[PDB]
Amino acid sequence: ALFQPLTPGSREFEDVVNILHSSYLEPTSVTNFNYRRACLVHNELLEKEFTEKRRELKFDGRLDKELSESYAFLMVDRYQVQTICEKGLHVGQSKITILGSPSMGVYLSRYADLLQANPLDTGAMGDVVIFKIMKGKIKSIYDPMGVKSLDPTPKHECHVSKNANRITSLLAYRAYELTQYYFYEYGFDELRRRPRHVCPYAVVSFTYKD
């Protein structure tokens, strides 16, 4: 069973909602999102490869700090929750370029209230996939200023924007793109199309009221 529906008000339901509530860029976004349904994702194949990747990272010397699990988010269109939760998140599904080519990595939002470039419209409805991730050893990069962006940095698990903590407002210029995580993984001689240190964990449906 890939999806396990959770009953609203239950412990498991409020745990998933608590991941979202604790991950806002503006914690007062708690008044604007109503999470009306939620499922845990149980994809044994993806969880196997996440667990395998974590033990390889520890084999290659990453610190226990770098082995920690955290969460990141993706708002998903056209009822494609099914494909990402069953197949995993693949390269080429984002149009963001700020941290490297989307053909070489996958982009996830750091903040659960910052899921698209422009503000959400009142009454909007959406589906948000919650991924568990290992940021591992992070490569911090400056946003591009007339220079070609880097290929994914070998021996690091993701790219992040160097000064993203400067971002405090959902309306700051390019807040959405500057608060992304960029996950990638080199195979042997090729970039993997699906980084294994990203794994779908839960799905929620929301309505938005500003």
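Here, each number is a calculation from the coordinates, and none is a lab measurement. With ideal geometry, Cβ positions are generated from the backbone for all residues, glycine too; neighbour counts draw on all protein chains shown.
What the table shows:
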quantity: Region 139-161, subset among the β-branched types (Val, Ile, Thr) and surrounded by 15 or more Cβ atoms within 10 Å (Cβ to Cβ), residue nearest to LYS53 (Cα to Cα); calculated: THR153
quantity: Pairs, first on the phi > 0 side of the Ramachandran plot in region 79-95, second of a type in the set (S, T, N, Q) and part of a loop (DSSP other than H, G, I, E, B), C-beta under 9 Å, six or more apart; calculated: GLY88/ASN43; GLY92/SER103
quantity: Filter result for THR97 (in a loop (DSSP other than H, G, I, E, B), farther than 23 Å from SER23 by Cβ and touching a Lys or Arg at 6+ places or on another chain (Cβ under 6 Å)); calculated: no
quantity: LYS139 assigned to a strand (DSSP E or B) and among the charged types (D, E, K, R); calculated: yes
quantity: Members of region 93-137 that are hydrophobic (A, V, I, L, M, F, W, C), under 18 Å from the mean Cα position of the chain (by Cα) and loosely packed, with under 14 Cβ neighbours inside 10 Å; calculated: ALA117
quantity: Subset tally (residues that are under 13 Å from the mean Cα position of the chain (by Cα), outside any strand (DSSP E or B) and closer than 25 Å to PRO144 by Cα) for region 175-210; calculated: 5
quantity: Residue ranges of strands (runs of 3 or more DSSP E) in region 1-87 with at least 2 members closer than 30 Å to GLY187 by Cβ; calculated: 33-41, 70-76
